[PDB]
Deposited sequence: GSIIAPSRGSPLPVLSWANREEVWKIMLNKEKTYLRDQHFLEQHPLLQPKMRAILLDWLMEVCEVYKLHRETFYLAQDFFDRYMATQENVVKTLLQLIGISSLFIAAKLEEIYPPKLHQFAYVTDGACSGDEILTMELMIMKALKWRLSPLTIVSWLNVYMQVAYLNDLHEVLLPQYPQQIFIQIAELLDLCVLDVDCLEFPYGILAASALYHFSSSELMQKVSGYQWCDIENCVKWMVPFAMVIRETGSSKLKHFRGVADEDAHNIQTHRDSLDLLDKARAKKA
């Protein structure tokens, strides 16, 4: 329990509830073994594409991570999915996420518009219902990015600086494109990314996780952190109509595909 004595509720009670959510929400790193026609590089191209349409429509990082988790968890319930069906499932996962997270989310015709005609409004309204029903209406998970936000709030309550947040988010966006990340809990993934930009001491102070808890994850993360380090981390951008205090919360897009190639090589 790294959260300080919370005024609203018990510091440990809030923390334990967050941990019990990860125990109920399940993800599988081998879900593509149920869809033999699909390869792990297909999921990577899809999430990279969703990341770009998020940046285009200035959508929140939480919106992207909701769509990622909806897509990954939905496919774990499905079988023998075809390459052509993936664009619709991803954009419908994003449609649900935008409606849940954004205040004035993009309209259905804009979600159909980004698919260059390969998806229509009726296909997306049919697909969102299949997704929500298959997920048993459990659409309130703790995303990979939500943990990062909690970790930043803890480190500065003892609001936070934006530049550091986007650098750690940039590394998590790369790691999310590899389906093997789904073997490590979302909280572990975030603490491990934060450790690569800080230390074990700060990671334990804001996440409560000991070194043994995140050691396995930090080992797998190591190649991705190097590619991010080799090139230098990005700077905070300004977004029109977006209040500067919330600018770190807007989803961004990079040439992460070739960065993911170099990472798996080493």
Legend entry - Deposited-sequence ranges lacking C-alpha coordinates, in sequence order: 1-9, 168-175, 284-285
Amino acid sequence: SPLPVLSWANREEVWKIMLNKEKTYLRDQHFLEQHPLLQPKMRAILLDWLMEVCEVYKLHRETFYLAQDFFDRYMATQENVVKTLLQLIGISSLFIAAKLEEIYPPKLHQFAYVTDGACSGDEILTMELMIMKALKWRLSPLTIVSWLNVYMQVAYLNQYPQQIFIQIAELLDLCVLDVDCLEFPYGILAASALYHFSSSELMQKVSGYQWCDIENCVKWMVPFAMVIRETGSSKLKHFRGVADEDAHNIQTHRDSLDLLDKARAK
From here on, numbers count along this sequence of modelled residues.
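We call the rigid core the largest set of C-alpha positions that still match within 1.5 Å between the two forms.
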Legend entry - Positional deviation of Cα atoms in 6 other deposited structures of this protein after core superposition, greater for 183-191 or 159-167: 159-167
Legend entry - Core-fitted comparison in 6 other deposited structures of this protein, 116-124 vs 149-157, farther C-alphas: 149-157
Inset, instruction - Between 83-91 and 140-148, point out the one with the higher average CA B-factor as the PDB entry records it. - result: 83-91
Legend entry - Comparing 251-259 with 6-14, the one whose average Cα B-factor in the PDB entry is higher: 6-14
Legend entry - Peak C-alpha temperature factor (PDB record), options 183, 173, 101, 116: 116
Legend entry - Among modelled residues of the same chain, the CA temperature factor third for residue 161: highest
Legend entry - Entry-reported Cα temperature factor of residue 67, expressed as the chain third it lands in: lowest
Inset, instruction - Could you look up the Cα B-factor of residue 77 in the entry and say which third of the chain it sits in: lowest, middle or highest? - result: middle
Legend entry - Relative C-alpha B-factor of residue 187, binned into the chain's lowest, middle or highest third: lowest
Inset, instruction - Could you say whether, by C-alpha temperature factor, residue 154 belongs to the lowest, middle or highest third of its chain? - result: highest
